[PDB]
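Report on the following structure.
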Amino acid sequence: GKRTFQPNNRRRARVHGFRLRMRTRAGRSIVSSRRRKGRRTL
Amino acid sequence: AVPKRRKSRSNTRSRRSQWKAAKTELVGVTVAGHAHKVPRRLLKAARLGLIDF
Amino acid sequence: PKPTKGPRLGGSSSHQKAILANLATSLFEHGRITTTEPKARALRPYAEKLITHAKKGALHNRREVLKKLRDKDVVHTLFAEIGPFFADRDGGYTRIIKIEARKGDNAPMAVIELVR
Amino acid sequence: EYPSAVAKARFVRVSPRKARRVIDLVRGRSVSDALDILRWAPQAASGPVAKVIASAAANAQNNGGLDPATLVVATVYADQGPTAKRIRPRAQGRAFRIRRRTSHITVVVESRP
RNA sequence: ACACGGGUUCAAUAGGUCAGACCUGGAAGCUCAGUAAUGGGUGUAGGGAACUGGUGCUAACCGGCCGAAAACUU
RNA sequence: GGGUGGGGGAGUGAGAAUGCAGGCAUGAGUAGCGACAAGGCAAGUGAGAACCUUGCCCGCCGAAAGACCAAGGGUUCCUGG
RNA sequence: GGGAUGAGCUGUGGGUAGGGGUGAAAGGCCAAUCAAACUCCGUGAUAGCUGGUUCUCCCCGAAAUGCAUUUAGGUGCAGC
RNA sequence: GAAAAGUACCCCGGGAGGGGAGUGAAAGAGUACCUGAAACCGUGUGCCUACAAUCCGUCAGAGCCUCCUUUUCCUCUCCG
């Protein structure tokens with residue numbers, strides 16, 4: 001019962017991976033914002 | 001329970017100053033060679049050579 | 001020996017017992033133990049009594065001591081050399097000398113050794 | 001009148017008030033007896049100070065050409081040194097600050113026949 | 001804690017030893033009865049904490065520090 | 001890098017907004033120092049050791065305080081310093 | 001202390017996403033917060049209420065009263 | 001600091017750090033370094049304080065201590 005977060009990188013990639021960002025029009029606009037700010041992306 | 005106010009500089013220094021170490025020593029301490037001084041409590045050990053500086 | 005007022009050494013009295021037995025073992029096997037002063041004080045009458053039984057010398061004395069010291073080699077030494085050697089003395093077989101303190105706990109250290 | 005010699009140590013990893021507690025024992029005392037006191041100080045924090053006083057003896061005797069047997073601690077300082085800080089976690093996410101205080105110790109010795 | 005009380009080798013305050021008081025209740029070994037479990041003798045035993053009284057056997061250190069040197073009237 | 005004087009122009013005068021950033025204080029050398037398994041001794045290393053090392057005792061879990069995989073961590077392993 | 005072969009517990013991989021989801025329903029749970037989650041944008045939002053507004057000198061010097069108010073803890077005209 | 005000229009060497013010290021020499025116009029320019037404020041800690045020192053209650057001051061105000069002019073005077077006086 002007492003937990004908070006149980007990491008799993010495969011799941012993180014399939015859910016938060018930029019590949020999934022590419023899947024949508026909305027996700028692409030997110031990425032392009034990150035490029036201008038100058039950050040390393042997911 | 002908390003300090004409602006700062007203790008004045010005077011009283012804080014009085015309490016701080018009531019925090020000291022004791023002074024104990026002995027002279028005339030004869031050991032092999034130089035008469036190194038020790039405390040009375042460890043004098044017997046000094047006579048037996050059970051100290052090191 | 002006499003009970004001790006206040007806290008027992010280390011943990012409970014069982015631990016105190018084990019401590020006194022092992023220190024006594026070391027003492028008989030070396031002749032000079034450097035430890036804490038309280039433990040040396042507690043250690044005196046215990047070893048003093050054990051030596052008294054060695055001085056007398058007997059089977060039931062061996063049983064009595066073996067109730068306390070599981071190691072036998074020190075008993076051989078005790079009932080072969082030490083006891084008989086201290087036969088010409090009526091009590092007071094140990095000596096305690098004050099030792100310089102330990103940097104880390106300011107322990108009033110002391111060394112306990114046999115008179116000879 | 002009193003051609004003193006000076007020795008000091010910087011960036012010592014010892015708390016100021018603890019140093020003060022030690023050095024209050026040696027004001028106006030002779031060098032050899034003061035060092036004996038510090039050797040037998042139960043505070044177990046007099047070491048560095050004794051080292052500093054030793055440096056006073058070395059400078060006073062060799063650089064100045066004075067007799068160690070006559071040296072007296074004219075004055076001693078427990079100056080507040082550069083304090084650093086490191087954070088410590090406590091309950092309920094409280095982020096407290098534990099400090100690492102240092103000091104600078106200055107010793108002045110002089111011949112007082 | 002500190003303080004207080006007594007003593008500090010012309011000494012018995014502490015520890016030990018020995019002998020007692022007191023508590024426990026009959027040690028091991030040996031021997032005897034019994035196939036055994038166990039019971040008797042050696043033995044009011046053996047062991048032992050404070051208490052009592054002797055015994056200078058070890059430790060109280062062949063030693064340090066602080067502590068008066070006084071203005072006149074009546 | 002600034003004074004005297006006539007003029008122009010202001011992010012212009014801090015004593016408080018349970019204000020903000022930095023630094024330093026009182027509380028205070030107080031509390032706390034992290035399971036009710038337990039350490040001890042000798043020798044040695046060392047300027048220095050109750051906490052490291054080597055020996056010997058003691059004590060503790062032992063369907064877990066043992067030994068292996070995944071996930072995860074991503075050099076934390078070893079040697080030397 | 002209760003259940004502990006059952007409406008069971010658990011890991012792995014997957015889906016449901018905001019005036020919407022889920023719910024053996026309590027209006028709790030949805031990244032420590034839920035009678036409508038989080039970040040950003042419009043945003044320098046708003047507030048008849050609170051709180052703060054930095055140096056000085058010289059002269060002069062109020063009211064807490066009326067009228068009206070989706071108004072009486074505000075504002076407007078008048079009075080000073 | 002214009003320049004690294006980065007305190008060789010020697011002495012304490014386990015080292016760090018420091019000192020004496022020395023460079024530099026300067027070390028009051030030592031990597032923790034232009035000027036180095038305040039709060040703050042600390043050493044030394046003149047004065048007050050252990051029979052006394054008041055936002056912790058002001059005004060009266062004794063007697064000590066630092067400094068200083070005139071002056072009897074020290075005439076040692078062409079010195080102070």
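By order of appearance in the structure tokens: chains A, B, ..., then residues from 1 within every chain, and ligands from 1 in the order shown.
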
Open item on the list: Residues within 12 Å of residue 44 of chain B, please, as a PyMOL selection string. Count only C-alpha atoms (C1' of nucleotides); anything in the same chain fewer than 6 positions from it doesn't count.
Closed with: (chain B and resi 29-31+38+50-51) or (chain C and resi 95-100+110-111) or (chain E and resi 59+61-63)

TODO: Could you list the residues in chain E lying within 12 Å of chain C, using only C-alpha atoms (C1' of nucleotides), and format the result as a list in words?
DONE: residues 14, 15, 16, 17, 18, 27, 28, 29, 46, 47, 48, 49, 50, 55, 56, 57, 58, 59 and 61 of chain E

For the residues in the current selection, export C-alpha atoms (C1' of nucleotides) as a PDB file, in the first residue's frame.
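What landed in out_5.pdb:
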ATOM      1  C1'   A E  14      36.715   0.476  50.372  1.00  0.00           C
ATOM      2  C1'   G E  15      38.141  -4.541  47.619  1.00  0.00           C
ATOM      3  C1'   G E  16      40.165  -9.534  48.876  1.00  0.00           C
ATOM      4  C1'   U E  17      41.307 -13.584  52.533  1.00  0.00           C
ATOM      5  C1'   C E  18      39.904 -16.407  57.082  1.00  0.00           C
ATOM      6  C1'   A E  27      27.501 -30.128  46.177  1.00  0.00           C
ATOM      7  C1'   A E  28      31.122 -33.357  42.980  1.00  0.00           C
ATOM      8  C1'   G E  29      33.724 -37.745  43.745  1.00  0.00           C
ATOM      9  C1'   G E  46      28.272 -27.576  49.803  1.00  0.00           C
ATOM     10  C1'   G E  47      27.805 -22.538  47.607  1.00  0.00           C
ATOM     11  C1'   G E  48      26.953 -17.448  48.651  1.00  0.00           C
ATOM     12  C1'   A E  49      25.122 -10.436  47.837  1.00  0.00           C
ATOM     13  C1'   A E  50      25.439  -6.251  50.784  1.00  0.00           C
ATOM     14  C1'   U E  55      43.532  -9.992  59.375  1.00  0.00           C
ATOM     15  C1'   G E  56      48.044  -4.164  56.242  1.00  0.00           C
ATOM     16  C1'   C E  57      47.622  -8.642  50.876  1.00  0.00           C
ATOM     17  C1'   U E  58      46.652  -4.629  46.390  1.00  0.00           C
ATOM     18  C1'   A E  59      45.145   0.347  45.676  1.00  0.00           C
ATOM     19  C1'   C E  61      50.375   7.825  44.781  1.00  0.00           C
TER      20        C E  61
END

- [ ] Using DSSP on the backbone coordinates, identify all residues within segment 39-100 of chain C classified as helix (DSSP H, G or I); present the result as a PyMOL selection string.
- [x] chain C and resi 39-56+59-66+73-85

Go ahead and write the selection's residues with N, CA and C atoms as an mmCIF file, in the first residue's frame.
data_model
loop_
_atom_site.group_PDB
_atom_site.id
_atom_site.type_symbol
_atom_site.label_atom_id
_atom_site.label_comp_id
_atom_site.auth_asym_id
_atom_site.auth_seq_id
_atom_site.Cartn_x
_atom_site.Cartn_y
_atom_site.Cartn_z
ATOM 1 N N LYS C 39 35.513 -1.360 34.467
ATOM 2 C CA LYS C 39 35.541 -2.784 34.205
ATOM 3 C C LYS C 39 36.677 -3.431 34.965
ATOM 4 N N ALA C 40 37.792 -2.723 35.094
ATOM 5 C CA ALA C 40 38.892 -3.236 35.887
ATOM 6 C C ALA C 40 38.492 -3.375 37.345
ATOM 7 N N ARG C 41 37.761 -2.385 37.855
ATOM 8 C CA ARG C 41 37.313 -2.424 39.238
ATOM 9 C C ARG C 41 36.402 -3.607 39.465
ATOM 10 N N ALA C 42 35.431 -3.776 38.583
ATOM 11 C CA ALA C 42 34.536 -4.909 38.698
ATOM 12 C C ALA C 42 35.297 -6.207 38.538
ATOM 13 N N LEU C 43 36.324 -6.193 37.705
ATOM 14 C CA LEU C 43 37.086 -7.398 37.444
ATOM 15 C C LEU C 43 37.916 -7.847 38.632
ATOM 16 N N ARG C 44 38.306 -6.926 39.540
ATOM 17 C CA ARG C 44 39.210 -7.344 40.619
ATOM 18 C C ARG C 44 38.674 -8.522 41.420
ATOM 19 N N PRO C 45 37.657 -8.320 42.263
ATOM 20 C CA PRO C 45 37.240 -9.372 43.194
ATOM 21 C C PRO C 45 36.891 -10.680 42.527
ATOM 22 N N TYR C 46 36.437 -10.610 41.286
ATOM 23 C CA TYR C 46 36.105 -11.813 40.547
ATOM 24 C C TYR C 46 37.353 -12.660 40.331
ATOM 25 N N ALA C 47 38.368 -12.069 39.705
ATOM 26 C CA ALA C 47 39.606 -12.790 39.468
ATOM 27 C C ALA C 47 40.297 -13.120 40.775
ATOM 28 N N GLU C 48 40.160 -12.244 41.762
ATOM 29 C CA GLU C 48 40.740 -12.487 43.069
ATOM 30 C C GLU C 48 40.180 -13.757 43.677
ATOM 31 N N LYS C 49 38.876 -13.957 43.537
ATOM 32 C CA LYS C 49 38.259 -15.155 44.070
ATOM 33 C C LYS C 49 38.693 -16.378 43.294
ATOM 34 N N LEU C 50 38.772 -16.246 41.974
ATOM 35 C CA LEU C 50 39.189 -17.379 41.161
ATOM 36 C C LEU C 50 40.595 -17.810 41.529
ATOM 37 N N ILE C 51 41.461 -16.840 41.782
ATOM 38 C CA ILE C 51 42.810 -17.152 42.207
ATOM 39 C C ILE C 51 42.782 -17.795 43.574
ATOM 40 N N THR C 52 41.902 -17.337 44.458
ATOM 41 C CA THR C 52 41.825 -17.966 45.771
ATOM 42 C C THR C 52 41.504 -19.445 45.628
ATOM 43 N N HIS C 53 40.564 -19.774 44.746
ATOM 44 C CA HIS C 53 40.233 -21.174 44.547
ATOM 45 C C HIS C 53 41.401 -21.921 43.934
ATOM 46 N N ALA C 54 42.161 -21.261 43.067
ATOM 47 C CA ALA C 54 43.336 -21.916 42.509
ATOM 48 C C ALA C 54 44.384 -22.164 43.573
ATOM 49 N N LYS C 55 44.560 -21.202 44.465
ATOM 50 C CA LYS C 55 45.513 -21.340 45.547
ATOM 51 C C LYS C 55 45.165 -22.539 46.402
ATOM 52 N N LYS C 56 43.886 -22.687 46.733
ATOM 53 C CA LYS C 56 43.471 -23.874 47.463
ATOM 54 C C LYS C 56 43.742 -25.131 46.640
ATOM 55 N N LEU C 59 39.349 -30.540 42.989
ATOM 56 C CA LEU C 59 38.401 -30.916 41.951
ATOM 57 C C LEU C 59 37.186 -30.004 41.955
ATOM 58 N N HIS C 60 36.536 -29.847 43.109
ATOM 59 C CA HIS C 60 35.352 -29.003 43.143
ATOM 60 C C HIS C 60 35.692 -27.561 42.838
ATOM 61 N N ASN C 61 36.941 -27.165 43.048
ATOM 62 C CA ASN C 61 37.349 -25.838 42.630
ATOM 63 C C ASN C 61 37.378 -25.776 41.112
ATOM 64 N N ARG C 62 37.841 -26.853 40.472
ATOM 65 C CA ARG C 62 37.816 -26.893 39.017
ATOM 66 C C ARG C 62 36.390 -26.860 38.502
ATOM 67 N N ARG C 63 35.471 -27.521 39.198
ATOM 68 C CA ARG C 63 34.083 -27.490 38.763
ATOM 69 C C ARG C 63 33.528 -26.086 38.899
ATOM 70 N N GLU C 64 33.844 -25.445 40.021
ATOM 71 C CA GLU C 64 33.339 -24.114 40.312
ATOM 72 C C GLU C 64 33.788 -23.118 39.264
ATOM 73 N N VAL C 65 35.064 -23.146 38.923
ATOM 74 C CA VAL C 65 35.570 -22.225 37.919
ATOM 75 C C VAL C 65 35.038 -22.570 36.537
ATOM 76 N N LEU C 66 34.978 -23.859 36.205
ATOM 77 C CA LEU C 66 34.469 -24.257 34.899
ATOM 78 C C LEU C 66 33.024 -23.847 34.693
ATOM 79 N N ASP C 73 42.180 -24.340 28.855
ATOM 80 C CA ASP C 73 43.626 -24.163 28.820
ATOM 81 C C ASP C 73 44.072 -23.141 29.842
ATOM 82 N N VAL C 74 43.289 -22.085 29.996
ATOM 83 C CA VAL C 74 43.611 -21.086 30.987
ATOM 84 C C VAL C 74 43.474 -21.663 32.375
ATOM 85 N N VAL C 75 42.594 -22.643 32.544
ATOM 86 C CA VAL C 75 42.447 -23.251 33.852
ATOM 87 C C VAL C 75 43.666 -24.098 34.151
ATOM 88 N N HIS C 76 44.175 -24.801 33.142
ATOM 89 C CA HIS C 76 45.419 -25.535 33.319
ATOM 90 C C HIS C 76 46.520 -24.601 33.772
ATOM 91 N N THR C 77 46.648 -23.466 33.090
ATOM 92 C CA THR C 77 47.660 -22.488 33.465
ATOM 93 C C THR C 77 47.436 -21.987 34.881
ATOM 94 N N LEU C 78 46.192 -21.668 35.206
ATOM 95 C CA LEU C 78 45.857 -21.155 36.525
ATOM 96 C C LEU C 78 46.184 -22.138 37.632
ATOM 97 N N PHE C 79 45.811 -23.395 37.451
ATOM 98 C CA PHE C 79 45.980 -24.412 38.472
ATOM 99 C C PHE C 79 47.314 -25.124 38.351
ATOM 100 N N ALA C 80 48.205 -24.629 37.494
ATOM 101 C CA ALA C 80 49.544 -25.170 37.340
ATOM 102 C C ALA C 80 50.614 -24.186 37.772
ATOM 103 N N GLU C 81 50.509 -22.936 37.331
ATOM 104 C CA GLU C 81 51.537 -21.935 37.558
ATOM 105 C C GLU C 81 51.098 -20.778 38.438
ATOM 106 N N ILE C 82 49.942 -20.186 38.157
ATOM 107 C CA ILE C 82 49.593 -18.914 38.780
ATOM 108 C C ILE C 82 49.242 -19.098 40.250
ATOM 109 N N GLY C 83 48.241 -19.916 40.529
ATOM 110 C CA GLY C 83 47.797 -20.163 41.879
ATOM 111 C C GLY C 83 48.910 -20.530 42.835
ATOM 112 N N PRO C 84 49.603 -21.627 42.534
ATOM 113 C CA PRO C 84 50.736 -22.031 43.374
ATOM 114 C C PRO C 84 51.763 -20.932 43.562
ATOM 115 N N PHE C 85 52.041 -20.179 42.501
ATOM 116 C CA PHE C 85 52.995 -19.081 42.581
ATOM 117 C C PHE C 85 52.536 -18.037 43.592
#

Check which residues of chain H sit at most 12 Å from chain B using only C-alpha atoms (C1' of nucleotides), and return one row each with the closest pair of atoms and their distance in Å to one decimal, ordered by chain and rising number, as CSV.
residue,atom,partner,partner_atom,distance
H:40,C1',B:9,CA,11.7
H:41,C1',B:13,CA,11.7
H:56,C1',B:8,CA,11.6

- [ ] Tell me, as an MDAnalysis selection string, which residues lie within 8 Å of residue 75 of chain D, counting only C-alpha atoms (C1' of nucleotides); anything in the same chain fewer than 2 positions away does not count.
- [x] (chainID D and resid 27:28 73 77 107:109) or (chainID H and resid 43)

Any chance you could export the current selection's C-alpha atoms (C1' of nucleotides) as a PDB file, in the first residue's frame?
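The new file out-v7.pdb reads:
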ATOM      1  CA  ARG D  27      46.440  33.435  29.159  1.00  0.00           C
ATOM      2  CA  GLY D  28      49.517  34.795  30.877  1.00  0.00           C
ATOM      3  CA  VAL D  73      51.866  33.847  25.879  1.00  0.00           C
ATOM      4  CA  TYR D  77      42.878  34.946  19.644  1.00  0.00           C
ATOM      5  CA  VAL D 107      49.338  33.506  19.187  1.00  0.00           C
ATOM      6  CA  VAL D 108      51.778  36.141  20.421  1.00  0.00           C
ATOM      7  CA  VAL D 109      54.708  35.146  22.632  1.00  0.00           C
TER       8      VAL D 109
ATOM      9  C1'   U H  43      41.640  39.988  22.300  1.00  0.00           C
TER      10        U H  43
END

Open item on the list: Report, in Å with one decimal, the straight-line distance from atom CA of residue 18 of chain C to atom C1' of residue 33 of chain F.
Closed with: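 Distance between the two atoms: 28.2 Å.
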
- [ ] May I have the residues of chain B within 12 Å of chain D, counting only C-alpha atoms, written as a PyMOL selection string?
- [x] chain B and resi 13+16-27+29+35-42+51-53

Open item on the list: Residues within 9 Å of segment 29-34 of chain H, please, as a list in words. Count only C-alpha atoms (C1' of nucleotides); anything in the same chain fewer than 2 positions from it doesn't count.
Closed with: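 Residues near the query, excluding close chain neighbours: residues 11 and 82 of chain D; 1, 6, 7, 26 and 27 of chain H.
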
Write out as a CSV table (one decimal) with N, CA, C and O atoms, in the first residue's frame the set of residues from chain C that DSSP, computed on the backbone, places in strand (DSSP E or B).
chain,number,residue,atom,x,y,z
C,32,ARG,N,48.5,-8.8,31.8
C,32,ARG,CA,48.4,-7.3,31.8
C,32,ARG,C,47.3,-6.9,30.8
C,32,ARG,O,47.5,-7.1,29.5
C,33,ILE,N,46.2,-6.4,31.2
C,33,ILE,CA,45.0,-6.0,30.4
C,33,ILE,C,44.8,-4.5,30.6
C,33,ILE,O,44.7,-4.0,31.7
C,34,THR,N,44.8,-3.9,29.4
C,34,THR,CA,44.5,-2.4,29.3
C,34,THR,C,43.0,-2.3,28.9
C,34,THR,O,42.7,-2.6,27.8
C,35,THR,N,42.2,-1.7,29.8
C,35,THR,CA,40.8,-1.5,29.5
C,35,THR,C,40.3,-0.3,30.2
C,35,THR,O,41.0,0.6,30.6
C,36,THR,N,39.0,-0.2,30.3
C,36,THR,CA,38.3,0.8,31.1
C,36,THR,C,38.4,0.6,32.5
C,36,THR,O,38.4,-0.5,33.0
C,94,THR,N,45.8,-8.7,42.5
C,94,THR,CA,45.7,-7.8,41.4
C,94,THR,C,46.2,-6.4,41.7
C,94,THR,O,46.4,-6.1,42.9
C,95,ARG,N,46.4,-5.6,40.7
C,95,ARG,CA,46.8,-4.2,40.8
C,95,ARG,C,46.2,-3.4,39.7
C,95,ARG,O,46.2,-3.9,38.5
C,96,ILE,N,45.8,-2.2,39.9
C,96,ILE,CA,45.2,-1.4,39.0
C,96,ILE,C,45.9,-0.1,38.9
C,96,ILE,O,46.1,0.6,39.9
C,97,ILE,N,46.3,0.3,37.6
C,97,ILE,CA,47.1,1.5,37.4
C,97,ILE,C,46.3,2.4,36.4
C,97,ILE,O,45.7,1.9,35.4
C,98,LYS,N,46.3,3.7,36.7
C,98,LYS,CA,45.6,4.6,35.8
C,98,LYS,C,46.3,4.8,34.5
C,98,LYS,O,47.5,4.9,34.5
C,109,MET,N,40.6,5.4,31.3
C,109,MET,CA,41.1,4.0,31.1
C,109,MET,C,42.0,3.6,32.2
C,109,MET,O,42.5,4.4,33.0
C,110,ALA,N,42.2,2.3,32.3
C,110,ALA,CA,43.1,1.8,33.3
C,110,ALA,C,43.6,0.4,32.9
C,110,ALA,O,42.9,-0.3,32.1
C,111,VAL,N,44.7,0.0,33.4
C,111,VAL,CA,45.3,-1.3,33.2
C,111,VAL,C,45.3,-2.1,34.4
C,111,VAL,O,45.6,-1.5,35.5
C,112,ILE,N,44.9,-3.3,34.3
C,112,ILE,CA,44.9,-4.2,35.4
C,112,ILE,C,45.9,-5.4,35.1
C,112,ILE,O,45.9,-5.9,34.0
C,113,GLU,N,46.7,-5.7,36.1
C,113,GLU,CA,47.7,-6.7,35.9
C,113,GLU,C,47.9,-7.5,37.2
C,113,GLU,O,47.5,-7.0,38.3
C,114,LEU,N,48.6,-8.6,37.0
C,114,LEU,CA,48.9,-9.4,38.2
C,114,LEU,C,50.2,-8.9,38.9
C,114,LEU,O,51.1,-8.3,38.2

Listing only residues of chain A within 10 Å of chain F, what is the closest atom pair and its distance in Å (to one decimal) for each, using only C-alpha atoms (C1' of nucleotides), sorted by chain and residue number ascending, as CSV?
residue,atom,partner,partner_atom,distance
A:6,CA,F:72,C1',8.7
A:7,CA,F:72,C1',7.1
A:8,CA,F:71,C1',7.3
A:9,CA,F:72,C1',8.8

Write to file, as a PDB file, in the first residue's frame, the residues of the selection just made, with N, CA and C atoms.
ATOM      1  N   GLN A   6       7.112   3.440  -9.145  1.00  0.00           N
ATOM      2  CA  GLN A   6       7.814   2.197  -9.437  1.00  0.00           C
ATOM      3  C   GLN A   6       8.307   2.267 -10.880  1.00  0.00           C
ATOM      4  N   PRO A   7       9.470   2.875 -11.114  1.00  0.00           N
ATOM      5  CA  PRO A   7       9.938   3.139 -12.480  1.00  0.00           C
ATOM      6  C   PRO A   7      10.067   1.929 -13.389  1.00  0.00           C
ATOM      7  N   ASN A   8       9.818   2.176 -14.678  1.00  0.00           N
ATOM      8  CA  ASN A   8       9.969   1.155 -15.706  1.00  0.00           C
ATOM      9  C   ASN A   8      10.173   1.891 -17.033  1.00  0.00           C
ATOM     10  N   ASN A   9      11.421   1.903 -17.494  1.00  0.00           N
ATOM     11  CA  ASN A   9      11.813   2.738 -18.618  1.00  0.00           C
ATOM     12  C   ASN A   9      11.121   2.365 -19.908  1.00  0.00           C
TER      13      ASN A   9
END

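Counting only C-alpha atoms (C1' of nucleotides), the residue from D:72, D:99, D:93, D:5 that sits nearest to chain G is D:93.
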